[PDB]
Amino acid sequence: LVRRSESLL
Amino acid sequence: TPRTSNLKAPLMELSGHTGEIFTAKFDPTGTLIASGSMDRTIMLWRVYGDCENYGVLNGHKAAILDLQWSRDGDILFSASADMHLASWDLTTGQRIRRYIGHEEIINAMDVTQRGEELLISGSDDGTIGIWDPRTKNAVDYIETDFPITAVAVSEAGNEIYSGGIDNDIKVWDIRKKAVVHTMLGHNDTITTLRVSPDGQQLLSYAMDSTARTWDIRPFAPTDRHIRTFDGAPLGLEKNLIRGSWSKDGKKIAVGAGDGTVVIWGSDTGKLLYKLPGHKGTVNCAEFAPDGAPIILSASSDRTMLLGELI
Amino acid sequence: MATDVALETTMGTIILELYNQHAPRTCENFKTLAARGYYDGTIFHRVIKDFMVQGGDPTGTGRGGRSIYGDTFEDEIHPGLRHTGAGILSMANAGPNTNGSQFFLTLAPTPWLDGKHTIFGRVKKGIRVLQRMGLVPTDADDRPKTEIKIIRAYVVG
Amino acid sequence: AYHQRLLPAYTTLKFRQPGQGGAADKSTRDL
Amino acid sequence: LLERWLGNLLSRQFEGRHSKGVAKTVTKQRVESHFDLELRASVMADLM
Amino acid sequence: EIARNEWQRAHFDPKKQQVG
Amino acid sequence: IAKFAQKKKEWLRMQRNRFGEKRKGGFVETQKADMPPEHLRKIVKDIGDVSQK
Amino acid sequence: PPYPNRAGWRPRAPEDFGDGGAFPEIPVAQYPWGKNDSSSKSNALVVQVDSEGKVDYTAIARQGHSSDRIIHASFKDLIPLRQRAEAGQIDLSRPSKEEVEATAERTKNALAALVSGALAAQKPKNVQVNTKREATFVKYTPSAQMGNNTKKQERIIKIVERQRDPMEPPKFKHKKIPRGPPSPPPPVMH
Amino acid sequence: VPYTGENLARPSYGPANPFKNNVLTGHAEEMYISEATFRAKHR
Amino acid sequence: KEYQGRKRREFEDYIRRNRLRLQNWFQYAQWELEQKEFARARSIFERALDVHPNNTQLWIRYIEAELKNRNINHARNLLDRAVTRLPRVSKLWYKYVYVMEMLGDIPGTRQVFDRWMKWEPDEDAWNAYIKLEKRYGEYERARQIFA
Amino acid sequence: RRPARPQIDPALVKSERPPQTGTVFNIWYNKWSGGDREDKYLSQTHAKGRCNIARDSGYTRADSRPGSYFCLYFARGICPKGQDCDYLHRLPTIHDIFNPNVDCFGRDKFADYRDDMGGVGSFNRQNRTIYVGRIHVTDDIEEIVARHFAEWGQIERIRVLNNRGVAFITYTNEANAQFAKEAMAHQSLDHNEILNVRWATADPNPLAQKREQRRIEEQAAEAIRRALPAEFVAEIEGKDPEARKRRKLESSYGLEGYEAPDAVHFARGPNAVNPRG
Amino acid sequence: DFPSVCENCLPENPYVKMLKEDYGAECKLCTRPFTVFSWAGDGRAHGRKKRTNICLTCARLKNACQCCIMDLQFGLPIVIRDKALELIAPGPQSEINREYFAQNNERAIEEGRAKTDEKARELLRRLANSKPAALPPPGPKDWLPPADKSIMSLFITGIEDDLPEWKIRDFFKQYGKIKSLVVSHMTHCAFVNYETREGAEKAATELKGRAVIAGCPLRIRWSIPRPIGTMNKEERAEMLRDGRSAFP
Ligand SMILES: [Zn+2]
């Protein structure tokens, strides 16, 4: 799975 | 490579001649370039700032084989295959005068940078000519038996180094009109003769693709040689390839027939550089006289390369 | 004993054994250059079908070499090891002793490089990766049209 | 190459002279 | 005029006619037909 | 498969093609 | 001077050929001259009605 | 076998090399992948792997295209740039005046060449002759061909444009060849 | 660099191929010589 | 050969007359398949793919026509091209996993399903992958599929 | 020696229009137009001269120049210039070979044949076979064909398909075949007939097919044997047992049981590992 | 901007004066206009202006010189090379498909896309293993001259297909002037008609009913000239056996 960004920025 | 000198580009072209560029020089200040070519014109370029062509001189009926800046930098000197010499004002752009009397093609010419001003014109009638740059007639002429392709004037202003097709570098005295000594070692025609900036060594490139440095000091041994340099082959054209000294005298540069400029160390002998970029025989390889690591190459692909040494 | 070095290519994985008791100096040169990340990111610059897969150049040209003994070191031919088949790891030079940082995987029996290059290893695991390396389109100067970039090569352990 | 048969016509472009506006930029707050 | 005209004549004589591929203008006799074409295309586009 | 298709092309017979 | 004599002749001939004013473009240049009128007369009479193959 | 030594043991089996790799100790010719009696003669593509290690399938979408072509061929292209994993600071600034003017110079030189070609084609200059036929010199070094392999002397070749009759019409007719196939279409990223 | 003597002096590493030209038959480059040189050699 | 030339002329004239109708390409390619001219039928189908790149029906019929003549590697290359061009058409993926399950080849079906799961499909493909791994035992790998 | 004999006097040789087969002479195409198309090709006339090699041969202004082509009109028997011709006026010998772009007369050869198969010919077939027809059907065809199809060159094989009045003459040289085709066209054999000497197509006889295929193969083999070194090719066929032993002993290079591949062993270059060349 | 011309097509002079004409002619294969380079051969003062006959793209496809149109590796014609080496001939030879392929492939053909070497060795190995009641021996009456002075023909039987007519012609040229020589390899028959009977008598005297030409055994007899017609395979076989039986 392609990773997402969880930084909420 | 980072930037070394004060140029707009590390290396760049100068073009606009419609014929083979045979001789290119520098200002004594080091800011102006004057080039004469097969197309009977002289192009005057500005090195620094914007690299702009600012002058054209059109007076010669044949190819311009030499041109030399004066001691100050306002007079230009042309040797040309129309059997003439010429002095040019580089303020109005007009020709000051013409020097007449040579009966064949003039191959070489030199002016004295120290002392009185003279002109040294070697020509294929076997004649060196000593000219004053105010009278249209020659002060003197020394007659030889062989065509002369390279001349140089000494620091003292009384010795003429003449190279020609007799494979010898002859050193003559002006007031005596006689050779003081001959210098052997070459076996093909001498194309350049340049005295070192300090005046202690002599450079001579010839058509055997060997550049020889010679001891020139007056109290020298019987063999006045120093060293021999290889790696600058002469191609199919039998041009008069002219080399130069760096200001410190450490490096020598000679154009090759491969489109390359071969730079050696004058004292060590290593091949320091073999610079490509030309599609013809590099007729001239000159160093910047104002203490800069700048080399100008003029070649029969109608072009000049201005480069910096890094 | 043989020590392992792992080439992580863009074709697969090649696990090489290295022969310390037969040609030592080349083997710790290879280990030190691999573990330092020096062989991380170079190319396999030359591929000749049925002859060679050669790489290791920092510049990817054919002239780079950064051996841990300075800039170059000497040859260590031991006659027990000869180029005898596909997949042999050897250290390549140019004439006399000029060993830099270029390695040389023989892809076929080549019994004419004996005594000229330093045999110092062997492909242990993953000979199919090298076989697919040999069968790549190379254009004119044995450099492949595509890139066979090496990423990692580690001591594993 | 191309296949067109235009004779030359209006071979110089007109440029906005001073007083004709155009190539003179201000801030969008001023606008 | 006549040399351009005869050059065009010799060009059709020696390298042929470029009959197909050029854009014809919308003259009066074509106006309504052109309108229909454009309108149909527009309607078709909206449908898609 | 390219060679097998070449062989099948070089040996085609329009005798059993008439029946569906 | 006897050994360096044919070399001198060859050098002088080569440099005069290369750098002479008469060969500014590599060759001797002349002016476009007028042909005899009978040349054109013969050409026009010969080609005729342009009926021969 | 291990390696303190391997003498006295000849590979007889294809699995004797482990996964593969001929042993330098044995001075017998060894074939880790058997006889290469025939060539590879396979028209398959070179199978590559990616960074984490999987079979790379972007050689199929990029097939027939140059390396500077931008092709979206994975699900990673469907993710926003801000949410696209390894993505911190994103520079969203216009190029400076230097790059802008350099691109302007390059594109206007190319379009000026095109304008010159179009103007040459649009109205020919009545008579199409040029008597300034300056020669071009070529240094041609021959290779070996037609059997014999002797090194022939290198050649200097003068190439001059041929004098053309000013009255000659165009020599050949124009052929209407149908359009070639387009560039290989990209993946459909719905 | 890469025009200095020590850069041209270093050779290309690795073995040689046991098994380039600009055109299909040889190598041809554009060159610049005087007209008189070509005429004299051709003569 | 006269019949072949006349049929080829008729089919090419129908293709030149209206190239945006798939029936002409289908009939020409099927007919050239009937005289076992596989290179010709492949060329006709590839020209149709040049005219209709994103047509799923043309892709399906060309993969099927490749499969019914037992050209397995050609058809697998074709299915790779088809799922590369149209990764969001589940019909092509379903045919691709079905074909590489029919021919044995369970790790190949698994890696095709891995590519499909990389494309993040609908729930039906995940359920199909779980059913694949549940059919041949293999429950723990189905647990990572549920993860 | 002997100068070239003038064949026909210049009084009989002119450049006039063809006979009037129409109403208007088209001067661009130089052909009569009008009339009826029932005329069309009409018939093939009888030519204005034959050739005697023993009588008409000599020297021209072409023996001094190397590379001069043979004369088409000396082959047609209607060349009036004699010794002043710029082309050769002799018979093509066996060493008169030409490249596959021109014939022996210098005319350019074409990509494909013409449907009415005559003319210069095509370079896509090394055709040394000439097709002659329109022979007066008698019983002594073979003797008169072998007598008259023999002064143009050296002949491999004449198959006379009698009863049809058709023969297929295969010379050993292509230039001799072109010379014979341009010499015997519209000539007479024994009676007043017009021979249709045209370019032969391909003999469907499978024996002739395998003969031609084989001859092509040893021609290419001769070229390859000229290209390769003698030891290399001698190892390549390996009919000589000593050459086989040399291959077994030489292709070892230290490692036993190698039997080096032909790409490595039969390789030519400066860096190859072999005696090279 | 430079042609691909072999050395034997180029002049012997190392300095070549060459003319160049953009779109000077159509290529002799693909019929497209191309830049023609031309030069004067070593045949000074008359001959043919040698030129590039085909374009450069077709010269890459065929691997041939642009002037001579022969293979640039062995010096063979293109069709001879292709037939004897079984090569692909990479490109269509039809009318419109030629321009289509040249229009769509001119950038990959230049880079060497779309090396025989081993196939030449394969051809050499293939030609290494090439594989291409009896009548009594002839009595004296076969080579004795007949009483009829009008009898002139010499009949030869046993001729194989490998024997050309010219070998027979210059084998019998040493005996006298031959008026005619008819060799039918289809029927293995030959007729020699001399001009003088002395030459035929000498041929019968020093042949004695038997002959060997290039390893082929043949039988010679006196004969009145009769034609050779449509003839049975069994009769052909039995006189082939007779020609072999000329050497028992
Ligand atoms: Zn050629």
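Residues numbered from 1 in each chain as written, not as in the entry; some residues may be left out. Chains lettered and ligands numbered in written order. Part of a larger assembly, values for the part shown. Heavy atoms only, no water.

As recorded in the entry header, the structure was determined using cryo-EM to a resolution of 2.9 Å.

Per the PDB entry, the recorded name for chain K is Putative pre-mRNA splicing protein, and the organism is Chaetomium thermophilum. As recorded in the PDB, the entry bears the title "Cryo-EM structure of the thermophile spliceosome (state B*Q1)". In its Subcellular location (unreviewed entry) section, the UniProt record describing chain K reads: "Nucleus". (UniProt positions renumbered as here; feature names shortened; annotations may be inferred.)

UniProt annotates chain C under Catalytic activity (unreviewed entry) with the comment "[protein]-peptidylproline (omega=180) = [protein]-peptidylproline (omega=0)".

Engineer: What is the right way to read the overall build of chain K from this model?
Structural biologist: The number of helices and strands found in chain K is eight helices and six strands. Its helices and strands in sequence order give chain K the pattern β-β-α-α-β-α-β-β-α-β-α-α-α-α, from N to C terminus. A globule of 277 residues ought to have a C-alpha radius of gyration of about 19 Å, yet chain K, at 26 Å, is considerably larger. Considering only C-alpha atoms, chain K reaches an extent of 90 × 45 × 40 Å along its principal axes. Counting only residues that meet the buried cut, chain K has 45% of its 277 residues in that class. Put simply, 58% of the contacts in chain K that link residues at least 6 apart link residues at least 24 apart. Split by element, the accessible area of chain K, about 15,000 Å² in all, is 52% carbon and sulfur. Distance between charge centroids for chain K: 2 Å, based on 42 positive and 39 negative side chains. (Helix = DSSP H or I, 4+ residues; strand = E, 2+ residues; numbered from the N terminus. Rg over C-alpha atoms; globule rule 2.2 N^0.38 Å. Buried < 20%, exposed > 50% of the residue type's maximum accessible area, 1.4 Å probe, protein only. Contact = heavy atoms within 4.5 Å. Areas by Shrake-Rupley, 256 points an atom, 1.4 Å probe, with all protein chains shown as cover. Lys, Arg positive; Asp, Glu negative; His and termini not counted. Charge placed at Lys NZ, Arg CZ, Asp CG, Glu CD.)

Engineer: Sorry if this is basic, but what is going on with the interface of chain L and chain K here?
Structural biologist: Buried accessible area, meaning the area lost when the parts come together, often serves as the stated size of an interface. Between chain L and chain K, the contact holds 50 residues from the first and 50 residues from the second. Together chain L and chain K conceal approximately 4,400 Å² of surface at their shared face, both sides included; 59% is due to carbon and sulfur atoms. Three residues stand out in chain L for area buried against chain K, namely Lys28, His46 and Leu124 of chain L, and they jointly supply 14% of the buried area on that side. Between chain L and chain K we count four salt bridges in total. Taking the shortest distance from any N to any O, the salt bridge between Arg126 of chain L and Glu217 of chain K comes out at 3.3 Å. Scanning the region where chain L abuts chain K turns up eleven residue pairs in polar contact. Of all the secondary-structure elements, those providing two or more residues to the side of chain L that touches chain K are α2 (78-85), α4 (118-128), α5 (165-172) and β5 (178-184) of chain L. At eight residues, α4 of chain L tops the list of elements feeding residues into the side of chain L that touches chain K. In the side of chain L that touches chain K, the residues fall into 28 nonpolar, eight polar and 14 charged. (Buried area = accessible area lost by both parts, 1.4 Å probe. Salt bridge = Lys/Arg side-chain N within 4 Å of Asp/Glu carboxyl O. Polar contact = N/O pair within 3.5 Å; in protein donor to acceptor, adjacent residues only side chain to side chain. Nonpolar A, V, L, I, M, F, W, Y, C, P; charged D, E, K, R; others polar.)

Engineer: How do you make sense of the coordination of the zinc ion when you look at a structure like this?
Structural biologist: Between any two of four tetrahedral donors, the ideal angle at the metal is 109.5 degrees; between two of six octahedral donors, it is 90 or 180 degrees. Residues and elements named next belong to chain L. Within the protein, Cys6 (SG), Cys9 (SG), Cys65 (SG) and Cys68 (SG) serve as the donor atoms for the zinc ion, at 2.3 Å. One can describe the donor arrangement at the zinc ion as tetrahedral, given that its four donor atoms subtend angles of 102 to 120 degrees at the metal. Taking relative accessible area as the criterion, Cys6 reaches 0% and is therefore assigned buried. (Donors = N, O, S within 2.8 Å, 3.2 Å for Na, K, Ca; no water. Tetrahedral: all angles 85-135°; square planar, octahedral: opposite > 155°, others 65-115°.)

Engineer: Is there a simple way to explain the state of the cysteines in this structure?
Structural biologist: Here, the word disulfide means a covalent bond between the sulfur atoms of two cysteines. Counted according to the given criterion, the structure contains zero disulfides over all chains. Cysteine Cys189 of chain L remains unbridged, with the sulfur of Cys216 of chain L as its closest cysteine sulfur at 13 Å. (Disulfide = S-S within 2.5 Å.)

Engineer: Just checking my understanding: could you explain the side chain of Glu165 of chain L for this structure?
Structural biologist: The residue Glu165 of chain L is located in helix α5 in this model. On the accessibility criterion, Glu165 of chain L (3% relative accessible area) is buried. Setting aside its immediate chain neighbours within four residues, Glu165 of chain L contacts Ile155, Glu156 and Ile158 of chain K together with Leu181 and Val183 of chain L.

Engineer: Is there a simple way to think about the arrangement of the chains in this case?
Structural biologist: The interface with the most contacts, out of 24 pairs of chains in contact, is the one formed by chains K and L. Taking C-alpha atoms only, the smallest gap left between chain B and chain K, which are not in contact, amounts to 25 Å.

Engineer: Just to check I follow, could you spell out helix α5 (residues 72-85) of chain J for this structure?
Structural biologist: The periodicity of an α-helix, 3.6 residues per turn, causes residues three or four positions apart to be oriented the same way. With 14 residues, α5 of chain J should reach 20 Å at 1.5 Å per residue; the first-to-last C-alpha distance of 20 Å fits that figure. Every buried residue belonging to α5 of chain J is among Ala75, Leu78, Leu79, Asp80, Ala82, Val83, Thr84 and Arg85 of chain J, and all of these are buried. At its buried positions, α5 of chain J is contacted by α1 (58-61) of chain H together with α3 (38-51), α4 (56-67), α6 (90-102) and α7 (106-118) of chain J. (Expected span 1.5 Å × (residues − 1).)

Engineer: I keep staring at the packing of α4 of chain J against α6 of chain J and nothing clicks. Help me out?
Structural biologist: For any two helices packed against each other, the geometry is given by the interaxial angle and the distance between the axes. All names here are of chain J. One can describe the packing of α4 onto α6 by two numbers: an axis separation of 11 Å at closest approach and a directional angle of 15 degrees. One finds that α4 runs roughly parallel with respect to α6. Between α4 and α6 lies a crossing whose hand is right-handed. Together, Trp59, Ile60, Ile63, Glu64 and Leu67 of α4 and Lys91, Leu92, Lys95 and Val99 of α6 make up the contact between the two elements. (Axes fitted to C-alpha atoms, helices over the stretch in contact; angles between N-to-C directions. Parallel < 35°, antiparallel > 145°, perpendicular 65-115°, else oblique. Left-handed = near helix turned anticlockwise from the far one by under 90°.)

Engineer: Help me out: how do you make sense of the UniProt feature "zinc finger region: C3H1-type" (unreviewed entry) in chain K in this one?
Structural biologist: UniProt's feature table lists "zinc finger region: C3H1-type" (unreviewed entry) at residues 65-92 of chain K, given in the numbering used throughout. Overall, residues 65-92 of chain K shows 14% helix and 0% strand. The separation of its end C-alpha atoms is 16 Å.

Engineer: Can you help me understand unusual backbone geometry in this one?
Structural biologist: For residues that are not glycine, phi is negative in most cases, and the peptide bond is trans in most cases. A cis amide bond, omega -5 degrees, links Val1 of chain I with the succeeding residue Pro2 of chain I. Tracing the chain through its elements places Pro2 of chain I in the segment before α1 (5-9). Although it is not a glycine, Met83 of chain B adopts a positive phi angle of roughly 60 degrees. For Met83 of chain B, the location among the structural elements is in the loop between β7 (75-80) and β8 (84-89).

Engineer: What am I meant to see in the packing of aromatic side chains here?
Structural biologist: Where two aromatic rings form a pair, the distance of their centres and the angle of their planes describe that pair. Evaluated as defined, the whole model comprises 42 aromatic pairs over all chains. Each ring, one from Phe229 of chain B and one from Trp264 of chain B, has its centre 5.5 Å from the other, and the planes form 35 degrees; the classification is tilted. Taken together, the residues span a long stretch of sequence, with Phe229 of chain B in strand β21 (residues 226-229) and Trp264 of chain B in strand β24 (residues 261-265) at a distance of 35 residues. A residue is classified by how much of its surface remains accessible, and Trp264 of chain B, at 1% relative accessible area, is buried. Relative to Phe103 of chain C, the ring of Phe44 of chain C has its centre 5.3 Å away and its plane inclined at 65 degrees; by these criteria the two rings are edge-to-face. Of this pair, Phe44 of chain C sits in the loop between α1 (24-35) and β3 (46-48) while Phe103 of chain C sits in strand β6 (residues 103-107); the two residues are 59 residues apart in sequence, bridging distant segments of the chain. Three or more aromatic residues joined by ring pairs form one cluster here, namely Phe30, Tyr38, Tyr39, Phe44, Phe103 and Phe120 of chain C. One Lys or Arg, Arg115 of chain J, reaches over the ring of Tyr57 of chain H and ends 3.7 Å from the middle of that ring. (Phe/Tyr/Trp six-rings, centres within 6.5 Å; stacked < 30°, edge-to-face > 60°. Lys NZ or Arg CZ within 6 Å of the ring centre and 35° of its normal.)

Engineer: What is the right way to read the nonpolar core from this model?
Structural biologist: Nonpolar side chains tend toward joint burial in soluble globular proteins. In terms of nonpolar packing, the biggest core is built from 46 residues, with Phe45, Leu58, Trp59, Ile63, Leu92, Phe113 and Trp116 of chain J touching the most fellow members. Contributing elements (two or more residues each) for this core: α1 (2-17), α2 (22-34), α3, α4, α5, α6, α7 and α8 (123-135) of chain J. Sort the elements by how many residues they give to this core and α2 of chain J lands first, with seven residues. Grouped together as the second largest cluster of nonpolar side chains are 40 residues, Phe105, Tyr113, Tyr171 and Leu189 of chain K included. (Core = buried A, V, L, I, M, F, W, Y, C linked by side-chain atoms within 4.5 Å.)

Engineer: What is the right way to look at the pattern of salt bridges in this model?
Structural biologist: Oppositely charged side chains are able to pair whenever their charged atoms sit close together. Residue and element names in this part refer to chain L. Going through the model one piece at a time under the given rule, you end up with 73 salt bridges over all chains. Residues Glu195 and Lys177 are paired through a salt bridge, measuring 2.8 Å at the closest nitrogen-oxygen approach. Of this pair, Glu195 sits in the loop between β6 (189-194) and α6 (197-207) while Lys177 sits in the loop between α5 and β5, placing them 18 residues apart in sequence. The shortest N-O distance in the salt bridge between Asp242 and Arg221 comes to 4.0 Å. One end of the pair, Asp242, is in helix α7 (residues 233-245); the other, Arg221, is in strand β8 (residues 216-223), with 21 residues separating them in the sequence.

Engineer: What's the story with the environment of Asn52 of chain K in this structure? I'm lost.
Structural biologist: Residue and element names in this part refer to chain K. If you trace the backbone, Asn52 turns up in the loop between β2 (31-33) and α1 (53-56). A relative accessible area of 25% places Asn52 in the partly exposed class. In this structure, the C-alpha to C-alpha distance between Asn52 and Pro261, residues 209 residues apart in sequence, is 59 Å. Look past the residues within four positions of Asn52 in its chain and what remains in contact with it is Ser57 and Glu151.

Engineer: Can you walk me through the sheet that holds strand β20 (residues 211-215) of chain B in this structure?
Structural biologist: Whenever strands of a sheet pair, they do so through backbone hydrogen bonds, lying parallel or antiparallel. Residues and elements named next belong to chain B. The sheet built from four strands is open, its strands ordered β18-β19-β20-β21 with antiparallel pairing. Since the sheet does not close on itself, it has two edges, and those belong to β18 (194-195) and β21, each with one partner. Relative to strand β19 (residues 201-205), β18 is paired through two bridges, and the arrangement is antiparallel. From the neighbouring strand, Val195 faces β19, where its bridge partner is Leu202. (Pairing = 2+ DSSP bridges.)

Engineer: Could you clarify how one ought to interpret the sheet that holds strand β22 (residues 244-245) of chain B in this entry?
Structural biologist: Residues and elements named next belong to chain B. Across the sheet, four strands lie side by side as β22-β23-β24-β25; this open sheet has antiparallel pairing. Strands at the two margins of the open sheet, each flanked by one partner only, are β22 and β25 (271-275). The sheet contact formed by β24 and β25 spans four bridges and is antiparallel. Looking at the pairing, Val262 lines up with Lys274 of β25.

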